[PDB]
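*Asks:* Sequence plus experimental coordinates follow:
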Amino acid sequence: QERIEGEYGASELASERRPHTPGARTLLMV
Amino acid sequence: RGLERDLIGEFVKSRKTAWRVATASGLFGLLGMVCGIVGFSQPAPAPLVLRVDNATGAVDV
Amino acid sequence: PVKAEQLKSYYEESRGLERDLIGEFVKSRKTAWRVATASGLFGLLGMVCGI
Amino acid sequence: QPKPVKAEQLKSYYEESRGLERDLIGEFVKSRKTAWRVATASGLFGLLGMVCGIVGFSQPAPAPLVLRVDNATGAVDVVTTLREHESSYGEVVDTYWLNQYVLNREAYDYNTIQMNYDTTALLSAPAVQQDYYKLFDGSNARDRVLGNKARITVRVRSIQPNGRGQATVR
Amino acid sequence: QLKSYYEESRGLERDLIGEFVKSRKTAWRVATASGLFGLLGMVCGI
Amino acid sequence: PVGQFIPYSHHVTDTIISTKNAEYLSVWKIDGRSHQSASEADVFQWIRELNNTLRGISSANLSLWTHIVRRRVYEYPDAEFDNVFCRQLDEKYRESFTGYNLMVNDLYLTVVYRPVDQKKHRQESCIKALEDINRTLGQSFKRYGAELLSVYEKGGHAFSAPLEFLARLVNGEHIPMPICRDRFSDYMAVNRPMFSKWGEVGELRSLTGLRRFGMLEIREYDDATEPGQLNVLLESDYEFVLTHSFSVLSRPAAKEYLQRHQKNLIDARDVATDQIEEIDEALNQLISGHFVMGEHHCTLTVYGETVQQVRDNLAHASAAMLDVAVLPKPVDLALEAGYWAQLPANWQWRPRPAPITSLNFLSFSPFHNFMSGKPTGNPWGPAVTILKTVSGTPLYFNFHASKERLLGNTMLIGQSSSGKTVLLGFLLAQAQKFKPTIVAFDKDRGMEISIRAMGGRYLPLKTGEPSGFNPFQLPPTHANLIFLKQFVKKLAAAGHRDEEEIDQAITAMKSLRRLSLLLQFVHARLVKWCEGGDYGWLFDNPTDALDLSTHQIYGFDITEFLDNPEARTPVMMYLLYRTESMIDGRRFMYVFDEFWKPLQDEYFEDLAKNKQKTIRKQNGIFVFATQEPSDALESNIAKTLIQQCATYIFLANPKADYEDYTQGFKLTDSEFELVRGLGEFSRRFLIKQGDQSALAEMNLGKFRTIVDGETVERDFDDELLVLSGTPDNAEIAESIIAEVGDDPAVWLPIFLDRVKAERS
Amino acid sequence: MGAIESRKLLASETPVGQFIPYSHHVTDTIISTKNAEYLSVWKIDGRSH
């Protein structure tokens, strides 16, 4: 009933995230 | 054999009687239905007025 | 042997093309009973509101 | 999930099997037939119930009844065929209506005209109402000519009925 | 004959049992709609 | 649960399973014709005849599924003998197989006939139409050898053969099922597949294990080049179930489809005159070419163990099919629909069928397979042995065949020097697992050492040495008396009143009973057969302790008494009569190294034919042989006996007469070419088994096997050295047997040592 | 549900054909296109630099 072992499942691309420039949040808030 | 014949007997008797009662009760329902639900579909009437002269006490119908 | 008919019905109930047939017509029969009951009650309702 | 079938009767097994298959198909098509038959009957009672429900609605109540009261005797009259005739009765009564009609119809005041306008229509046959409504239309409309710059005062001197639904107003 | 490639393909693609189940289900749905409509009408009258 | 996809309900007649939606069905087990035996000339004719017989019963009701299921066969069981020599032979020959294919192909065709006191008569009409369709298809498939799957009672539990194939389609392992009162859809599945929701691969769920399977969809439109195009898959290292369906289209429907396709190809922005004219040619080829179109999807479902292994199988199959101009499209999300579309009568779940001409369906699935025989289920236990074949497919040899009770007579035509005796010895040694009686007859001491190794009592003969035969010591039964009378008549003929005298003498005439005594009771003529006469050493012996109860095997050598026309007929009547007296209940066999000399016997041939008619139902297996066919066909009765044979094995005989093989043995011209293609000592042979054949290349040279993780080299050189028989070999064996004793395995090491010394 | 969803997800996809603009070979060196734009391919052994 579980995903079948050693097959191609969903993509590994959904793990991607958009990086944030680590100054935008603080100064945007202020 | 016996079981199939019993099931077929229940088929005939009970199902045919169920639909026969369906037809007869539906027809009786139709008779009464048309009758009464046409009856009160016509609006009914109340009393109009009665005259009672305040000065003479005379009553006019 | 009261209701020996019920024992006969159990043999028909046993899974099979025959069980499907029997269950089918009894479902139809109880649909007929339901519709006849609804029509009888609703016709008597019509008569009572009329009268 | 039972054991194998009785092998002593091959012919009986699939003989009854073909019989059962044919009977099942026949009973299922017959059940479909009764299904549409019941659907039609349900539609017929549904529309009978709806038609009677609408016709018995509280629309069109008892027609308003005027218990005409004689001012001299106090005698009380009742609803009559006057609705399908001239309901207004008596010189005194007709001259009042004729007066109020002419005064309100012919008169004008920006400040009170909405009531005189609606009253005139209320006391006019649709043909007459239209003739009246038209006096307030176009560039020469009473609403533009008199507007709120000028007003009309109307007074009736005398009304004398002359026949069968007809009177002269001076 | 049928004389329609769509007609023959869709005839192959179709099963009797499911078609008749759907047919009776739709018939009962319409019957229920009519019955509820009748109840609505009777409520309106009362 | 799972019955939502399986349409099968119950039986309607012995050979026609029904369907839930009333779509009657039938299953045929097609063996298929070999595509190697016949050249490219006859393949087209096969396709054309299949087209003819299909369009003969063409109707919009019909349909056809076709499956090529490949198995790693396990139902072929190991057998334990009761002799060490045969066990040695079996063990080494089985060890010769480590690393081979060991896969069989089975081809199944199913015909489903879905219709599109009237109701009962229509039920009868439907079943009658389908049975007439079955009769026509059976008339058609005579050469292919198909059998109609039908119910088979097993001890009061009626079963149903067609359910087994439909089970293997879904279950993936042959799980027998009984016919019972349910609808078979509920329980026909036992090991239900579990498709991954993304659908790249699948699973199976068995009591004993599991597996993974991915699919391929072979959607091809172009007319095939070869009449069998993708037959490269018939030989591969992976299992699969290759599926084709032919849901016919009624003729107006095909016309309409072609018209719409031509219109939609015309009404485009680019003109391609390589397509429009071809389609317009085909549109009125359909009316005049007489082939009826239909729907067709093709799916290949390779099985495996590891999921990466399944992908490697798919890549290999894709390459091996791009080699044949077809492009496989992998299946990614349609796998559930594809797999549930394999079941016959699952039209609904076909992924994307597209119309295909009838020629192209019969040319994508033409029922070609490398001939492989029956691994088991034979009337005599499993197959005797598993011969190799050119192109690497295991032929499971057996004398059972099918309808040339079960015919078993076998003939082995080829030169004695070129491996005939080795082959016969090998077959008998590995068929010792049956424990049948073998009555061996020999030419030039061919099988003496082999029989004496197998615990027989082979009796070497010899001119001028007491034979030990004394027919007059037989019990005086009615049958024996008749025989003796006939026997003595025959002896007297070597030199009505004579008959009366012989009769009275035999009747009048245990330890004292001999031919010489008979003389005291024609006399002058029988003197030569008595002690002191020219033939006194043969039948006038003092004793005759010679009954078949002591041993199972016996071999009689008449190579001394082969070409001497005086008494071959007598000696053969005596041997045949005594052996025939033993023929009851016991699984039975004969072996004739050369029979055409006893065949020209006037008296013996009629008895042989009548006894054949009697024995065919009594587990009788003749094993005939001949050094060269021209020796056999010289005699006319030999043709009559040859017509009644089941399996023919053909050794390499370059000096083969054209007429003999061509019309004498009912062989093909192409098979005659294959016989000559083998070298002088090729060690291959073409086995025409029934109506299909293959080159069963047997090689008992050096082979490599893994023992305890190390590659060891072994051989059967030693076995063939002890298997064949030569006069020097015979004299060494006789000397040893005389000095050491009787037991079979006590002397064999001594024999090995002496033969090794001879070889040096 | 758990049985029919395969076809439901199947038929609701945009195949790659919507994005590949090619069709029949019209000449042995030239490929057509649904918009009738014929093209040819030139394998080049680029000269040394």
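*Replies:* Structure received. Residues are numbered from 1 along each chain as shown, chains lettered A, B, ... in the order given.
*Asks:* neighbours around the closest residue to residue F:751 other than its chain neighbours, how many?
*Replies:* Nearest residue to residue F:751, sequence neighbours excluded (CB to CB, 6 or more residues apart in numbering or on different chains): residue F:736, at 5.8 Å. Where you see a C-beta, it was placed from the backbone N, CA and C, and this is true even at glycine. Per other CB atoms under 10 Å in any protein chain shown, the neighbour tally for residue F:736 reads 18.
*Asks:* For residue F:736, what is the enclosing helix or strand?
*Replies:* Assigned by DSSP states H and E, residue F:736 belongs to helix F:727-740.
*Asks:* could I get the following helix or strand past that helix in CSV with only the CA atoms?
*Replies:* Next helix or strand after helix F:727-740 toward the C-terminus (DSSP H and E): helix F:744-759. Written as CSV, here are the backbone C-alpha positions of helix F:744-759 (Å, rounded to 0.1, in the frame of the first residue of the first chain):
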residue,chain,number,x,y,z
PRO,F,744,25.7,-53.8,-12.3
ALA,F,745,27.9,-51.3,-10.4
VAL,F,746,30.5,-53.6,-8.9
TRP,F,747,32.3,-54.1,-12.2
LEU,F,748,31.9,-50.6,-13.8
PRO,F,749,35.0,-49.1,-12.1
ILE,F,750,37.0,-52.2,-13.3
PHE,F,751,35.6,-51.6,-16.8
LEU,F,752,36.7,-47.9,-16.5
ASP,F,753,40.2,-48.9,-15.6
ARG,F,754,40.5,-51.5,-18.4
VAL,F,755,39.1,-49.1,-21.0
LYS,F,756,41.4,-46.3,-19.8
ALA,F,757,44.3,-48.7,-20.2
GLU,F,758,43.2,-49.5,-23.8
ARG,F,759,43.0,-45.8,-24.6
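*Asks:* Next, the angle from helix F:744-759 to helix F:727-740.
*Replies:* Relative orientation of helix F:744-759 and helix F:727-740, computed by axes from the mean of the first three to the mean of the last three CA atoms, to 10 degrees: 130 degrees.
*Asks:* Pull the residues that contact helix F:744-759.
*Replies:* Residues outside helix F:744-759 that contact it (CB atoms under 8 Å, 6 or more residues apart in numbering or on different chains) are F:83-85, F:449, F:452-455, F:718, F:721-722, F:728-729, F:732-733, F:736-737, F:740-741.
*Asks:* And for stretch F:718-726?
*Replies:* Identification of contacts with stretch F:718-726 by CB under 8 Å, 6+ apart yields F:88-89, F:92, F:421-422, F:425-426, F:429, F:445-450, F:453, F:700, F:748, F:751-752, F:755, F:759.
*Asks:* from these, which would you call buried?
*Replies:* F:88-89, F:92, F:421-422, F:425-426, F:429, F:445-450, F:453, F:700, F:748, F:751, F:755 (16 or more other CB atoms under 10 Å in any protein chain shown).
*Asks:* Inside helices: which ones of those?
*Replies:* Counting by DSSP state H, the part of the buried ones among the contacts of stretch F:718-726 found in helices is F:88-89, F:92, F:421-422, F:425-426, F:429, F:448-450, F:453, F:748, F:751, F:755.
*Asks:* and these, which two are the farthest apart?
*Replies:* Comparing every pair within these by CB to CB identifies F:92 and F:448 as the most remote, at 22.2 Å.
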